Amino acid sequence: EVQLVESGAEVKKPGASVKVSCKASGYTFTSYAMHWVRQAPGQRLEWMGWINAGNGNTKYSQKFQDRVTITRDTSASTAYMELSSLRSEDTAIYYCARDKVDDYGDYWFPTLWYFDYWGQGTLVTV
Amino acid sequence: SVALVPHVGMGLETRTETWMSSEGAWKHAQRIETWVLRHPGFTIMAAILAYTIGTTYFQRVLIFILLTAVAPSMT
Amino acid sequence: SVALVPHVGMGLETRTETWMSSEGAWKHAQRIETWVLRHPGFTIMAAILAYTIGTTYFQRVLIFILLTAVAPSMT
Amino acid sequence: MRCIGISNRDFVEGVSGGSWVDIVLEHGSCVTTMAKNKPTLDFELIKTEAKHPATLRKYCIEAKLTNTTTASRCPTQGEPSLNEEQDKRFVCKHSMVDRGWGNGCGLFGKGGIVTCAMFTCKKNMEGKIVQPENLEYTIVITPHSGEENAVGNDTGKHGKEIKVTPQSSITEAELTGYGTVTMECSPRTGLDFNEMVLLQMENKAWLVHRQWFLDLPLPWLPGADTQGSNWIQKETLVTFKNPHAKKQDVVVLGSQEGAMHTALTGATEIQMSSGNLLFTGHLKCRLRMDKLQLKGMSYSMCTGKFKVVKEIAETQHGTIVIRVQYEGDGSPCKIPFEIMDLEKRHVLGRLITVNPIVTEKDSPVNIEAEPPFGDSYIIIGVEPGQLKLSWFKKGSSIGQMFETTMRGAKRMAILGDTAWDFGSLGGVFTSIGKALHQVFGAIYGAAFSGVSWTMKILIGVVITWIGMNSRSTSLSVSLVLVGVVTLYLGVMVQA
Amino acid sequence: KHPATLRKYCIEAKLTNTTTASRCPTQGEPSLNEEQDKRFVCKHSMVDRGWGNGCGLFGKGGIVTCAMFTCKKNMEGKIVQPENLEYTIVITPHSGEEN
Amino acid sequence: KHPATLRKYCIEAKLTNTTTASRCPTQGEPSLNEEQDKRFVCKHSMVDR
Amino acid sequence: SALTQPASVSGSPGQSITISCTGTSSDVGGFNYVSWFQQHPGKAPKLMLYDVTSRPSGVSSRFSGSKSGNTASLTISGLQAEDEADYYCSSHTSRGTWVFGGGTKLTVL
Ligand SMILES: *[C@@H]1O[C@H](CO)[C@@H](O)[C@H](O)[C@H]1NC(C)=O
Ligand SMILES: *[C@@H]1O[C@H](CO)[C@@H](O)[C@H](O)[C@H]1NC(C)=O
Ligand SMILES: *[C@@H]1O[C@H](CO)[C@@H](O)[C@H](O)[C@H]1NC(C)=O
Ligand SMILES: *[C@@H]1O[C@H](CO)[C@@H](O)[C@H](O)[C@H]1NC(C)=O
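Chains as they are written, first to last, in PDB author numbering: chain K, 1 to 126; chain F, 1 to 75; chain D, 1 to 75; chain E, 1 to 495; chain C, 51 to 149; chain A, 51 to 99; chain L, 2 to 110.
Dropping the structure here:
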């Protein structure tokens, strides 16, 4: 069915850190890269970075580059997005979207239909 | 050392780019050029000896090229 | 590689022993011997080429030696 | 469409009696197979996996010495002995130093001295080997359906991948709607993994010759050794220094990682972290297109209007790909697609996405076709609202012939004697050519193994000159051919 | 005495912050902000581009890869003026002393 | 319509923040921090000292 | 660097309404990595278009995409009540990142 499920909403205080997970099922977890996209309440979608489940490679946005850490768990087919030193501006829904990597296992050129499947969205408040 | 036996003429080659294929292609010739520039004295002697030994101009040029190519590398 | 440009002929040698004199005295000749053993075919063809080009045995032998010494080097 | 946009594309056209064709598959390359009544297919070798590697030697690239000891003996008393010379984890050397009353000796001569130190490896490079029966080549067969997989993943199609192993070298793909394709591969001949080592060194792996690997001048362990402590060529990673004749000492020779990287030039890099994956090499397969049928050949022309939704583009191979959408009635219809001239009197080009059809109305289909060199017109649809597209192909026919000869020669250079199987349909000329290539390549590889490209060019020039300056025409022509072929191979050897 | 450093060679480095930029065929070279910095080693090359990877053209697209070069070990080479060249000599007469 | 810019060319520039550094003879090359980034145009030369 | 879209858009039911996504030569003027996402309130974004014009398998054919220079446009032809949502434009940039539009709120009334 290709369903992506993320952890539940969480309440954190400014200066803390939050970890959000996205469980992938219905497809080979290692064959796709996992993207994290956050949207502040009533604002535009914002891309944070991606994790290549095949080899654990990552690419972050210049913003979030120093605070966000993305990790995957091949065993559980789960991806994690660690955001450290939360501020008042970090309250937003954190979505996970997939994009298949090439047959080499390298994820540098995406597929035209990137972000075809999204997680339900995890809410984080500070 | 290991660097002196650099896995070149072993076959096994394909379309896929090999390791350090951009540089190793010409780095040997660059090294020989640098040696010949840094040691002009030997090259003159090599030319003189090749001229003395080589009967024809083909033999002389071949001997000179072999001598100047082996002088730095034999080191 | 730096290993292809050793410090041998720099002309600074004293009576004191050098960095790897014992080890490196015969390393190149050992490499040439091993290469010639592992690649006999090039040895026969180099001998044929030297015999053809060299009009006198001195030229032929010199050409064969230089070819055999230079083939592993670039290799 | 998978095989479009790859500059190493190959077009294999025609199958023999029996509906089979021989195609070599390379990793960086892709093959588009065109047969008369069959659909067009794309074949790509996307993965070679070696499983269950066995180490045959563990080399030391970085060591250290810890417990140095020395024994000294007066002149004419023979060489000394240390109890640790019997020890295989110690590296020892015998030298001579000046001895006399000043040294507490009493004979004024060269007294033998022995110094030993414990050799400990800090970094090693594995040399795993794999049995040829454990290889597994993964291949993707994608047909030119002119359609897309569609993002809705509840149904996933158009993605048939076949695994080929030496045990199961015959396998069939079930391409939905096009019947099935049979690949009769010969993995046991693609690569001689009994003469190759999977050299892994600090999260980087190379594929290397086995004799080369066994000839490396570094200390090595047998491979089953589980504790080190018996390194073989420990002397290659240490230096014993006796300046003058006062003392002898032993020191290590620094990390050999960079020297190894220099040594590895000309070795293809592989992956060995998450399995041993080789994205290099070729596979020789036989394509069984007998049970391969065009899809929708019972359909009727569309007789409707098409709109170009992706503007016509020219691929790197002289063909043109366009994406059209059908806006009409009779959704499952053949698409009228012709490459005519301006007056539409002659058919100038042959389409590659053979039998383009429309399955759904709101479903664009992209057609690939090969136009002629120069002016040509792409016609799509029928008289009412027929959309006529102009195109100019900039090349020349002579240029294409030259390029194809160059590509064939390059294929021969890489797949020597296997280039005769890339598109072979059997035949006697192909067999004779392949046998002659095998006989000649045996001699060439024997006489040119272990020679750098510069040496190849030098030897080619020498042989060409010898042939030129030859009285005999029979010898001159053969020598000139040998010299020119040697020059070509030397100019296109490193990869 | 008092040698002066003439040059520091790097014998062991490390690469980090690797980044790449691509451009469609015939559109020129890609640009990387890190190309300005000399701590980044960079190279330009061509990759196959087409519809599959988001280009309208089907040529060789230019690409630039930049990584930060950091040196971990040095091979410093120093020089000495002949004036600061203390030599030491020991003169011992043949006094015949016991030791 | 909708042309893509292929290359920009400089026809009128200016220089600012000029810096210089020297090294004593036979001690190698001078080193400037400004040489680190490619905004600064630099050149090496020898002046008797 | 965010792709610029109109803050809001409204169209009478049954009409056709167009949305613009103006970017730079790298994001939406250089590559065909243009995607349109439809997000209903309280729900994750839904891929409406990709490769500029291609639409997902389940996505209606009423949605059409166009690109001109540095601008990509999304058009809706039916303007049904279910189409009223927030639409985001995204592009894969030349530096390997993803940029999103500011999002346009489409209202039928
Ligand atoms: C080597 O020296 C260490 C001291 O660092 C000592 O503990 C060890 O027993 C020695 N091993 C020998 C002499 O075999
Ligand atoms: C050398 O001289 C020292 C001091 O003069 C003395 O202790 C020693 O016995 C002499 N002989 C040696 C060191 O062989
Ligand atoms: C390189 O990446 C590191 C994180 O590993 C970061 O701290 C640093 O600021 C980056 N440097 C540059 C020039 O981007
Ligand atoms: C250059 O000089 C100006 C003053 O003329 C100063 O404001 C600026 O910070 C300087 N910049 C650099 C990079 O030196």
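Ideal Cβ positions, reconstructed from N, Cα and C, are used throughout, including at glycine.
For residue 70 of chain L, the residues of chain A that pass the 8 angstroms Cβ criterion are 51 and 52, in the order they occur in the chain.
In the three-state scheme derived from DSSP, where H, G and I count as helix and E and B as strand, residue 71 of chain F is classed as helix. For residue 98 of chain L, the distance from the CB to the nearest heavy atom of ligand 3 is not below 7 angstroms. The Cβ-Cβ distance between residue 462 of chain E and residue 62 of chain F falls below 8 angstroms. Using a Cβ-Cβ cut-off of 8 angstroms, residue 31 of chain D is close to 4 and 5 of chain F, given in chain order. The beta carbon of residue 201 of chain E sits no closer than 8 angstroms to any beta carbon of chain F. Interface with chain C (8 angstroms Cβ-Cβ cutoff): residue 50 of chain K is excluded.
In the three-state reduction of the DSSP assignment, residue 299 of chain E falls in the coil class. Under DSSP, the beta-bridge partners assigned to residue 379 of chain E are E:338 and E:388. K:16 is the residue among K:16, K:8, K:2 and K:6 whose C-alpha sits nearest the C-alpha of residue 89 of chain K. In the structure shown, residue 143 of chain E falls within a strand segment according to DSSP collapsed to helix, strand and coil. Listed in chain order, the positions of the segment 85 to 111 of chain K with a beta carbon within less than 9 angstroms of a beta carbon of chain C are 108, 109, 110 and 111. Counted as a single uninterrupted DSSP element, the stretch harbouring residue 244 of chain E is not any alpha helix (DSSP H), since DSSP gives it neither H nor E.
The shortest C-alpha to C-alpha distance from residue 108 of chain C to any of E:418, E:323, E:4 and E:238 is the one to E:4. At a cut-off of 8 angstroms between beta carbons, residue 93 of chain C makes no contact with chain A. Between residue 138 of chain E and residue 163 of chain E, the CB-CB gap stays under 8 angstroms. Interface with chain E (8 angstroms Cβ-Cβ cutoff): residue 135 of chain C is excluded.
Taking the Cβ of residue 48 of chain K as the reference point, every heavy atom of ligand 3 lies at 7 angstroms or farther away.
In this structure, the C-beta of residue 66 of chain K approaches ligand 3 to less than 7 angstroms from one of its heavy atoms.
At a cut-off of 8 angstroms, the C-beta of residue 116 of chain K has a neighbouring C-beta in chain E. Not one beta carbon of chain F lies nearer than 8 angstroms to the beta carbon of residue 233 of chain E. Membership of residue 112 of chain E in the beta strand (DSSP E) is indicated by the continuous run 109 to 128. Contacts between residue 95 of chain L and chain C, judged by CB atoms closer than 7 angstroms, involve 71, 72, 73 and 80 in chain order.
In the three-state reduction of the DSSP assignment, residue 46 of chain D falls in the helix class, which pools H, G and I. Assigned with DSSP and collapsed to three states, residue 63 of chain F falls in helix. Listed along the chain, the chain E residues whose CB falls inside 9 angstroms of the CB of residue 107 of chain C are 313 and 314.
Residues whose Cβ lies closer than 6 angstroms to any heavy atom of ligand 2, listed in chain order: E:102, E:104 and C:149. Going by DSSP, residue 459 of chain E is part of the alpha helix (DSSP H) stretching over 453 to 468. Sequence-distant Cβ neighbours of residue 57 of chain L in its own chain, meaning closer than 6 angstroms and more than five residues away, are 48. Annotation for residue 14 of chain F indicates a beta carbon at 7 angstroms or more from all heavy atoms of ligand 1.
The criterion of a C-beta distance shorter than 8 angstroms is satisfied by residue 95 of chain L and residue 80 of chain C.
Under the three-state reduction of DSSP output, residue 85 of chain K falls in the coil class, being neither helix nor strand. Our two residues, residue 88 of chain C and residue 61 of chain C, have alpha carbons roughly 18 angstroms apart in a direct line. Near ligand 4, meaning a Cβ closer than 7 angstroms to any of its heavy atoms, lie the following residues in chain order: A:66 and A:67. For residue 56 of chain D, no CB of chain E lies under 8 angstroms from its own CB, so it is not counted at the interface with that chain.
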